[PDB]
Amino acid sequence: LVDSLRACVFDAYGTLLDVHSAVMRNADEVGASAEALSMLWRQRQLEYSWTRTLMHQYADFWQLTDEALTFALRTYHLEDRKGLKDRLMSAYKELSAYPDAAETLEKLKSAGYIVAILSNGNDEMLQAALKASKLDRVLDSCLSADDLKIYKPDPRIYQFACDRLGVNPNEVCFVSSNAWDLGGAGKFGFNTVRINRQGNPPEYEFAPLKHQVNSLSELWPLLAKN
């Protein structure tokens, strides 16, 4: 819609950092089960995030990641679970950026937006990954659920972003790949833009998107200022 926004808030894992690369970078070691493992790891890490907040038993995102990975390795009865867990947690700690992430953030930063991350991950796994892909240098601020001990899409975390960044919901453009994160952010009040790389079908229709695009780079036409 109309364009007087002070802030671009990014989800990290799956939006700017490519989680698929965790298992992809190590697919040969895993064996033919790699896709399925990858998929179960993602789904569980999120399950553990959502259920743990509903049952009032927070733990940090890294331990969730770890717990979820262990579960998935056992599910698939893999040899050398010890080795694979090491190899794969490490690969997670240093996920690669989508090819466009840095440049498009650079373009937004130098356009006068506050450019921030709002992620589930504790600062440690998050910092290591921003360091490794060098997105450290293209960010004003990086905000963690771990600061509140609460997971998305709980409205408190979107709230904490307004608080920390000193902006109102409607002065935020919230960019993410996860329909549930966009549904949660929108219901809260952010202008939501979905990065939909593969064209998956829509979900969370009650919190309609402001726009969908298929690439970080398309954000640039979407947001560039006079």
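So that there is no doubt, residue numbering starts at 1 and follows the sequence shown.
Trainee: Is the mean CA B factor in the deposited entry higher across 198-206 or across 18-26?
Mentor: Per the PDB entry, the higher value belongs to 18-26.
Trainee: Higher average CA B factor in the deposited record is what I'm after, so tell me if that's 157-165 or 46-54.
Mentor: Mean C-alpha B-factor is greater for 157-165.
Trainee: Based on the PDB record, which member of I114, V138, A72, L118 exhibits the highest Cα temperature factor?
Mentor: Each of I114, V138, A72, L118 was compared by C-alpha B-factor; the highest is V138.
Trainee: Within this chain, which third does the Cα B-factor at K107 fall in: lowest, middle or highest?
Mentor: Middle third, going by the recorded CA B-factors of the chain.
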